[PDB]
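The block underneath contains the structure these notes are about, expressed in structure tokens.
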Amino acid sequence: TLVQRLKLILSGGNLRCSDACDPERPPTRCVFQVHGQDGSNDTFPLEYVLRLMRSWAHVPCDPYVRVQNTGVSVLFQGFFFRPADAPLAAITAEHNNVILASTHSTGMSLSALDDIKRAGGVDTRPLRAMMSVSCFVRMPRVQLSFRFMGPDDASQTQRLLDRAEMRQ
Amino acid sequence: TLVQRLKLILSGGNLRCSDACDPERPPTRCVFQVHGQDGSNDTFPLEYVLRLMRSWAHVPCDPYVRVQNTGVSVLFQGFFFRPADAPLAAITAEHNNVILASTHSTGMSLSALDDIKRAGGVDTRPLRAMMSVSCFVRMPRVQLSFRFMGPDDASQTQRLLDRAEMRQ
Amino acid sequence: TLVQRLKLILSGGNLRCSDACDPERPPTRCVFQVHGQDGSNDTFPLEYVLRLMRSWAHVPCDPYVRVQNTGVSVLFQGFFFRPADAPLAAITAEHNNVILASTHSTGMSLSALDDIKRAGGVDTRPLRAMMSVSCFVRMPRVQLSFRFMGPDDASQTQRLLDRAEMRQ
Amino acid sequence: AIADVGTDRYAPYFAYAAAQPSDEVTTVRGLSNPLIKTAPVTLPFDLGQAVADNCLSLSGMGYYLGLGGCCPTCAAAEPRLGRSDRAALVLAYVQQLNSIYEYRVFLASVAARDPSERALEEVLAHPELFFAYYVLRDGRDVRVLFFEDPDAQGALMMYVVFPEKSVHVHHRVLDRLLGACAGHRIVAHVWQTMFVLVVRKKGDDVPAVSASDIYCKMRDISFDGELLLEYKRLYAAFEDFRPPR
Amino acid sequence: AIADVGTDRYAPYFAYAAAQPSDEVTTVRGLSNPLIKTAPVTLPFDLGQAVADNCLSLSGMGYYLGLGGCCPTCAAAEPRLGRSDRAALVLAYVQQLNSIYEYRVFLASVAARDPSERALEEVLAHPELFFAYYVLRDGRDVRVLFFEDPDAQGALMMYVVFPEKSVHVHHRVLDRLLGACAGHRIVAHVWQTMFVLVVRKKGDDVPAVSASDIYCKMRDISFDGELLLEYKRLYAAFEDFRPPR
Amino acid sequence: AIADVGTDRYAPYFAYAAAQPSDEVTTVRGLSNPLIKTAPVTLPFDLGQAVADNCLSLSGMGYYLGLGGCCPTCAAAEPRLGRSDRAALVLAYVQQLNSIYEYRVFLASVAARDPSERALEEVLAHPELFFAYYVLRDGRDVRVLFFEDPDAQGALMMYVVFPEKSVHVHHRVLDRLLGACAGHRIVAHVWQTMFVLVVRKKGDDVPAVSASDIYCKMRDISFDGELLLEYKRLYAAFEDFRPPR
Ligand SMILES: [Cl-]
Ligand SMILES: [Cl-]
Ligand SMILES: [Cl-]
Ligand SMILES: [Zn+2]
Ligand SMILES: [Zn+2]
Ligand SMILES: [Zn+2]
């Protein structure tokens with residue numbers, strides 16, 4: 001059900017996704033696995049899918065995604081809770097590059113993302129500024145950049161939030 | 001939708017399954033992937049899932065499953081059509097053992113299965129005699145046996161076929 | 001008049017054709033000349049044009065096409081009767097590859113095609129299974145393959161045969 | 001219509017099985033009784049063709065590859081071989097390779113044929129042959145014969161001669177036998193009414209075996225005289241055997 | 001009447017196809033699905049019998065000559081081999097004939113068998129053998145063995161031994177392989193469980209190859225010791241091979 | 001209630017996005033404008049920290065790591081570097097390693113510093129240094145200086161000195177530069193107002209380079225006198241440079 005949404009979200013790009021979750025009791029295990037083959041330059045909408053996982057759960061949580069270099073493709077592992085020992089990128093809003101060697105990994109949770117977003121003076125208003133991962137697969141390495149992306153037309157985004165606010 | 005059924009069918013055993021198919025236009029690509037870890041002794045109901053794939057399709061087809069040794073687990077790859085070059089076990093109804101070395105594979109289609117079933121004088125009546133794969137994972141090899149399995153109580157199976165015949 | 005039809009039939013592909021026939025008295029000489037330049041991978045619908053020639057004639061005949069390697073292009077020579085000494089491919093339905101060196105030639109008549117079609121258990125129902133020549137021009141050689149081709153949707157072909165049967 | 005049928009008799013059930021999932025589970029689990037419980041074989045027979053639950057049975061009635069779960073002779077021994085812990089069983093014969101004193105039947109074969117240390121060096125060079133003997137002893141009164149392999153590089157092959165006119169290798173026993181002897185081919189033969197398993201190389205964690213220390217222990221040990229003469233007669237009977245490659 | 005039928009069932013359609021040209025176009029283009037997507041073959045198998053879109057598949061399941069456009073293993077590699085520019089590909093291995101340093105697997109075979117310059121002269125005399133290796137490397141871990149051709153004039157033949165028990169030559173790969181080796185016959189064989197392609201002469205723009213300069217570079221290069229021993233074992237296994245003419 | 005908020009302002013949108021999938025697609029694709037298009041850096045700066053679409057800009061205004069897709073200087077060159085075929089580009093500098101005649105700027109540096117063959121042997125031993133020069137030449141008038149690496153095993157490092165007081169490395173150029181020099185660390189420095197990229201080893205398919213043949217060609221070549229003197233002045237200015245490890 002979430003994988004249907006996740007495939008829809010990534011349908012614009014060329015990132016392969018792999019095919020249950022209880023809203024009351026969310027699992028600690030891996031929820032999705034997005035793959036990205038060598039040569040690709042696709043973008044993963046991190047903040048969107050993280051905040052999508054928060055709305056999906058009715059119990060308090062801190063969603064987390066793990067980015068790993070398999071040594072052939074890129075791997076994005078979805079989670080509702082950041083596992084024990086799992087890595088977090090020390091990046092700031094301006095300095096946001098992370099290079100991964102073979103088998104190495106980084107990640108980002110919603111809470112650590114909020115710290116970075118507030119620390120950089122970034123606009124917290126819904127869908128005005130959203131963190132996304134630009135990934136380039138230059139073997140043997142995987143190049144990642146945790147960039148904040150805004151809309152081309154903000155007036156369009158503000159009217160969409162009114163359409164959602166109307167139906168409530 | 002078929003994976004829901006395939007997981008239900010294998011729920012008695014301990015064989016992991018991996019998570020769309022159009023009934024009018026069935027795909028030539030792999031439809032399911034069942035995995036079986038080292039040490040296990042689980043049984044795969046081959047003839048059942050093959051005949052399940054035939055009923056699923058409204059266009060004529062010849063369903064096929066490929067059994068492979070990955071060199072760590074066993075792999076069952078589902079297909080609606082046997083791909084070009086894909087292997088078929090030469091086994092008979094009585095002599096039905098196939099040993100697989102690492103990376104080697106065998107398979108079985110519904111049509112070749114029907115030849116074996118008729119050649120061995122096996123009962124073709126529905127659910128009275130069904131081919132199944134007993135697999136033992138003794139690393140580095142994978143041991144397979146294509147055995148015909150009947151029901152413990154045939155009178156129960158005959159009454160079930162009447163229950164299906166009633167609802168028609 | 002036949003060349004108009006033959007050009008229409010080949011209009012999907014990129015095979016050049018060269019520009020009279022009496023239905024009561026069909027000529028023994030060459031009727032058409034299709035050419036295919038070096039590098040091309042086009043397909044010639046052999047069984048279709050052969051059976052087209054049979055319907056064109058009101059006197060009994062056995063239409064034949066000759067495939068030749070000129071040493072620059074491929075040549076398909078059309079005939080209503082197979083000339084004396086003209087070659088026929090010994091191919092079966094499954095083993096159907098013929099390689100041609102420079103100036104060498106092969107061919108196929110409707111009668112020898114019917115023998116191959118019946119010998120391979122191929123479906124004789126109209127337009128369900130039709131022999132076609134896949135040709136690849138890899139100089140100095142010409143690679144030919146006499147493959148049977150069916151329709152993507154058989155239900156469409158069956159309704160077309162009813163449309164023809166209606167107008168009669 | 002002519003190609004279609006054929007036979008389309010499963011369609012009513014699969015429509016019903018979609019509606020009734022709890023029936024579909026019991027139907028699949030219900031198909032548990034195997035139609036062929038034993039099947040005949042012919043010698044020479046490669047034991048590698050047998051899977052983990054297959055048992056071999058050799059007699060005057062014939063040679064059969066049976067399913068262990070439906071075999072009465074396998075059932076009787078199933079409590080005795082009930083542990084089946086391979087972590088301990090692999091470590092067992094690895095540990096017992098160090099101390100070969102109790103195993104008179106194994107050493108006596110060397111003593112009778114060629115009692116030098118160079119012969120004992122050549123035997124201890126292939127420790128999988130002892131493993132074969134150790135496995136087949138547990139699940140009882142076998143005899144071993146070491147001969148030269150004439151269709152391979154300079155290495156020896158072992159014959160395991162069975163005592164009785166009826167023979168039954170348990171499914172767990174030949175599972176262990178094949179696992180322990182990875183890199184050796186085991187084939188069942190018959191020669192002058194005696195069933196025999198030829199264990200030769202086809203194409204590992206073992207202790208370093210001191211050939212001189214066991215050779216010293218060999219002189220202290222007092223063998224059974226009738227067992228050594230038995231081997232001499234048995235070696236004489238198996239000289240013209242010639243097992244095929 | 002008796003000779004006439006037979007069968008005359010196409011006549012209604014062709015009358016209709018004359019009246020309806022837009023249907024005739026879609027009917028012809030509609031006939032695109034090939035009925036036989038793969039067909040079995042037997043070894044020894046001459047690769048010259050395969051056309052441009054045929055792929056070869058060798059395994060325990062058997063040997064098959066499949067259509068590339070319907071083959072899953074061909075589809076997976078189709079983006080990697082997507083350029084297919086033969087003007088550059090012919091110039092590639094022609095250019096790479098000049099510099100043979102990276103290609104350890106090719107030279108190691110010469111080094112292991114006969115490390116003289118006269119052996120290197122005899123190898124470099126037939127540059128199509130390197131082309132064969134270059135093509136089969138791209139689309140990975142093959143091994144090459146040079147032997148003398150006993151049923152031809154004084155020239156050598158190459159065996160291309162595959163590492164895995166399952167083998168798949170992509171349609172574009174064997175299209176390139178056959179094109180690059182015009183004047184050499186390629187036949188697929190099996191020997192002691194190893195699949196192997198024998199590349200020998202049957203009956204060109206190449207640079208002049210300095211045998212002494214590469215022989216000088218050979219002494220500076222440090223080979224992998226385990227790869228040279230591998231070749232020695234592989235040369236030993238392929239001595240009694242005797243591939244038919 | 002106190003832990004909950006915080007802020008829960010996304011909930012209305014995600015309820016709506018479930019109902020409206022065609023809006024969810026356009027919203028995600030809509031988020032394309034990056035908020036930070038360029039960011040300042042400080043020297044020394046490791047170029048390995050730059051990803052494939054990053055461009056470097058060095059000037060009196062400061063040092064910046066910009067996004068190529070929003071950079072005017074990158075846009076102007078984007079048609080010139082439009083092919084970007086790495087299969088050909090990797091083969092290009094591999095092929096051009098064979099013939100070093102046109103590249104006066106590269107050889108002149110060796111000629112000016114130490115015109116022996118032993119110096120030319122030490123330079124040609126590290127072919128990635130030429131690759132660095134080849135890449136940075138294409139996307140123009142750079143100068144190269146070879147010095148000894150005092151914090152590593154006996155091997156040399158290259159300085160790439162830029163001519164102008166303003167410098168701009170295109171994103172495709174430094175993508176190629178980093179890819180071509182895998183196993184070399186590239187760091188940007190400034191020394192006596194001159195920007196410079198230090199290319200040294202940190203911790204491959206190349207032709208065997210004849211040091212004597214190029215040394216023979218060196219004597220036939222007539223260098224520009226003013227370029228050799230330039231190098232002598234430049235080597236004199238970079239003697240006390242001491243780039244950190
Ligand atoms: Cl034997
Ligand atoms: Cl051959
Ligand atoms: Cl530095
Ligand atoms: Zn038993
Ligand atoms: Zn293929
Ligand atoms: Zn720029």
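For the structure tokens, the naming scheme is as follows: chains receive sequential letters (A, B, ...) according to their order of presentation, residues are indexed from 1 within each chain, and ligands are indexed from 1 in presentation order.
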What does chain C look like once superposed on chain A, all Cα atoms paired in sequence order, least squares? Give it as a CSV table (one decimal) with C-alpha atoms, in the first residue's frame.
```
chain,number,residue,atom,x,y,z
C,1,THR,CA,0.0,0.0,0.0
C,2,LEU,CA,2.9,2.4,0.8
C,3,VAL,CA,4.9,0.8,-2.0
C,4,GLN,CA,2.1,1.8,-4.4
C,5,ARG,CA,2.5,5.4,-3.3
C,6,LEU,CA,6.3,5.1,-3.3
C,7,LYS,CA,6.3,3.8,-6.9
C,8,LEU,CA,3.9,6.7,-7.9
C,9,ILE,CA,6.2,9.2,-6.2
C,10,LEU,CA,9.2,7.9,-8.1
C,11,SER,CA,7.4,7.3,-11.4
C,12,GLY,CA,8.9,10.5,-12.9
C,13,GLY,CA,12.5,9.2,-12.3
C,14,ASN,CA,14.1,5.9,-13.1
C,15,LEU,CA,14.6,4.3,-9.7
C,16,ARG,CA,13.5,0.6,-9.3
C,17,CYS,CA,11.4,-0.2,-6.2
C,18,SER,CA,10.8,-3.6,-4.6
C,19,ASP,CA,7.3,-5.0,-3.6
C,20,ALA,CA,2.4,-4.8,4.6
C,21,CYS,CA,2.4,-2.1,7.3
C,22,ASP,CA,0.0,-1.7,10.3
C,23,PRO,CA,-0.8,2.0,11.1
C,24,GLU,CA,-1.4,1.4,14.8
C,25,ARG,CA,1.8,-0.8,15.2
C,26,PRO,CA,4.5,0.2,12.7
C,27,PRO,CA,7.4,-2.3,12.2
C,28,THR,CA,11.0,-1.7,13.1
C,29,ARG,CA,12.2,-3.8,10.1
C,30,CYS,CA,12.9,-2.4,6.6
C,31,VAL,CA,9.7,-1.1,4.9
C,32,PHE,CA,11.0,-0.4,1.3
C,33,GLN,CA,14.1,-0.9,-0.9
C,34,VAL,CA,14.7,1.6,-3.8
C,35,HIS,CA,17.5,0.7,-6.2
C,36,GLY,CA,19.4,2.8,-8.7
C,37,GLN,CA,21.7,1.3,-11.4
C,38,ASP,CA,25.2,2.5,-12.4
C,39,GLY,CA,25.3,5.6,-14.7
C,40,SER,CA,22.0,7.1,-13.4
C,41,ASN,CA,21.5,10.6,-12.1
C,42,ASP,CA,18.1,10.3,-10.5
C,43,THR,CA,16.8,12.3,-7.5
C,44,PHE,CA,15.2,10.8,-4.4
C,45,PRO,CA,12.6,13.0,-2.6
C,46,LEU,CA,13.8,12.2,1.0
C,47,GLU,CA,11.9,14.8,3.1
C,48,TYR,CA,8.6,13.9,1.2
C,49,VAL,CA,8.8,10.2,1.9
C,50,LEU,CA,10.0,10.7,5.5
C,51,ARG,CA,7.0,13.0,6.2
C,52,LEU,CA,4.8,10.6,4.3
C,53,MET,CA,5.8,7.9,6.8
C,54,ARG,CA,5.0,10.2,9.7
C,55,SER,CA,1.4,10.8,8.5
C,56,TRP,CA,1.0,7.0,7.8
C,57,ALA,CA,1.6,6.2,11.5
C,58,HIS,CA,-0.9,7.1,14.3
C,59,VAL,CA,1.7,6.3,17.0
C,60,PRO,CA,4.7,8.7,17.6
C,61,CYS,CA,7.7,7.8,15.5
C,62,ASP,CA,10.9,9.2,13.8
C,63,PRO,CA,11.1,7.9,10.2
C,64,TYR,CA,14.5,7.2,8.7
C,65,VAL,CA,16.0,6.3,5.3
C,66,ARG,CA,19.4,4.6,4.9
C,67,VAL,CA,21.5,5.3,1.7
C,68,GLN,CA,24.1,2.6,0.9
C,69,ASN,CA,26.5,1.7,-1.9
C,70,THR,CA,26.2,-2.0,-2.7
C,71,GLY,CA,29.2,-1.8,-5.0
C,72,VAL,CA,27.0,-2.0,-8.1
C,73,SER,CA,23.9,0.1,-7.5
C,74,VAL,CA,22.6,2.5,-4.8
C,75,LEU,CA,20.2,1.3,-2.0
C,76,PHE,CA,17.6,3.3,-0.1
C,77,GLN,CA,16.3,1.4,2.9
C,78,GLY,CA,13.1,2.7,4.4
C,79,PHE,CA,12.3,2.6,8.2
C,80,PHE,CA,9.7,4.0,10.7
C,81,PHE,CA,12.4,4.1,13.4
C,82,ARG,CA,16.2,4.7,13.0
C,83,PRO,CA,17.8,1.3,14.0
C,84,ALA,CA,20.5,1.2,16.7
C,85,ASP,CA,23.9,2.2,15.3
C,86,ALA,CA,22.5,3.3,11.9
C,87,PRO,CA,24.4,6.3,10.4
C,88,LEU,CA,23.3,9.9,10.1
C,89,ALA,CA,24.9,12.5,7.7
C,90,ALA,CA,26.6,15.4,9.6
C,91,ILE,CA,25.9,17.7,6.6
C,92,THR,CA,24.5,21.3,6.9
C,93,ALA,CA,22.1,23.0,4.6
C,94,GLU,CA,24.9,24.6,2.5
C,95,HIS,CA,27.6,22.0,2.8
C,96,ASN,CA,25.6,18.8,1.8
C,97,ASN,CA,27.9,16.4,-0.1
C,98,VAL,CA,28.5,12.8,0.9
C,99,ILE,CA,30.7,10.4,-1.1
C,100,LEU,CA,30.2,6.7,-0.4
C,101,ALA,CA,32.8,4.0,-1.1
C,102,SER,CA,31.8,0.4,-1.8
C,103,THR,CA,29.6,-1.1,1.1
C,104,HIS,CA,29.7,2.2,3.0
C,105,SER,CA,26.4,3.9,4.0
C,106,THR,CA,24.8,7.0,5.4
C,107,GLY,CA,21.3,8.0,6.3
C,108,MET,CA,18.8,10.7,7.5
C,109,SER,CA,16.0,10.7,10.0
C,110,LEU,CA,13.1,13.3,10.1
C,111,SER,CA,14.3,14.6,13.5
C,112,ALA,CA,18.0,15.2,12.5
C,113,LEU,CA,16.6,16.7,9.2
C,114,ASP,CA,14.4,19.1,11.2
C,115,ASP,CA,17.6,20.2,13.2
C,116,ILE,CA,19.4,20.9,9.9
C,117,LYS,CA,16.4,22.7,8.5
C,118,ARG,CA,16.0,25.0,11.5
C,119,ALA,CA,19.8,25.5,11.9
C,120,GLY,CA,20.1,26.7,8.2
C,121,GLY,CA,17.2,29.2,8.4
C,122,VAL,CA,15.2,27.2,5.9
C,123,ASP,CA,11.5,27.8,5.3
C,124,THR,CA,9.4,25.3,7.4
C,125,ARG,CA,6.1,26.1,5.7
C,126,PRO,CA,4.7,22.9,4.0
C,127,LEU,CA,6.2,22.0,0.6
C,128,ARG,CA,8.0,25.4,0.2
C,129,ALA,CA,11.5,23.9,0.9
C,130,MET,CA,12.0,20.1,0.8
C,131,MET,CA,15.2,18.1,1.2
C,132,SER,CA,16.0,15.7,-1.6
C,133,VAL,CA,19.0,13.5,-2.4
C,134,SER,CA,20.7,14.0,-5.8
C,135,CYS,CA,22.6,10.8,-6.4
C,136,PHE,CA,25.2,10.1,-9.1
C,137,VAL,CA,26.5,6.6,-9.5
C,138,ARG,CA,30.2,6.9,-10.5
C,139,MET,CA,31.6,3.4,-9.9
C,140,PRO,CA,33.2,2.3,-7.6
C,141,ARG,CA,31.7,5.3,-5.6
C,142,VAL,CA,28.2,6.7,-5.0
C,143,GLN,CA,28.0,10.5,-4.9
C,144,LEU,CA,25.2,12.0,-2.8
C,145,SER,CA,24.0,15.6,-2.2
C,146,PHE,CA,21.3,16.5,0.4
C,147,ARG,CA,19.9,19.6,-1.3
C,148,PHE,CA,16.8,21.6,-0.3
C,149,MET,CA,14.4,22.0,-3.3
C,150,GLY,CA,11.6,24.5,-3.6
C,151,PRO,CA,8.8,24.8,-6.2
C,152,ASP,CA,9.2,26.7,-9.5
C,153,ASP,CA,5.9,28.5,-8.7
C,154,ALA,CA,5.1,29.1,-5.0
C,155,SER,CA,1.7,30.6,-5.8
C,156,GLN,CA,0.7,27.2,-7.2
C,157,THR,CA,1.8,25.4,-4.1
C,158,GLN,CA,-0.1,27.8,-1.8
C,159,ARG,CA,-3.3,27.2,-3.8
C,160,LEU,CA,-2.8,23.4,-3.5
C,161,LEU,CA,-2.6,23.7,0.3
C,162,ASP,CA,-5.9,25.6,0.3
C,163,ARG,CA,-7.5,22.8,-1.8
C,164,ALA,CA,-6.4,20.3,1.0
C,165,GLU,CA,-7.5,22.7,3.7
C,166,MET,CA,-10.9,23.0,2.0
C,167,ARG,CA,-11.5,19.3,2.2
C,168,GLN,CA,-11.4,19.0,6.0
```
May I have the residues of chain E within 7 Å of chain B, counting only C-alpha atoms, written as an NGL selection string?
:E and (37-39 or 57 or 60-66 or 71 or 165-166)
Mind the document's chain letters and residue numbers, and return as an MDAnalysis selection string the residues of range 57-176 of chain F that DSSP labels alpha helix (DSSP H).
chainID F and resid 72:77 86:96 104:113 117:124 128:138 171:176
Report as a PyMOL selection string which protein, DNA and RNA residues come within 10 Å of ligand 6, using only C-alpha atoms and all ligand atoms.
chain F and resi 38+53-57+64-78+168-172
Could you tell me, counting only C-alpha atoms and all ligand atoms, which protein and nucleic acid residues lie no more than 7 Å from ligand 1, written as a count of residues only?
8
Check which residues fall inside 12 Å of ligand 3 when counting only C-alpha atoms and all ligand atoms, and print them as a ChimeraX atom specification.
/F:43-48,147,149-151,157-160,184-190,196-202,241-245
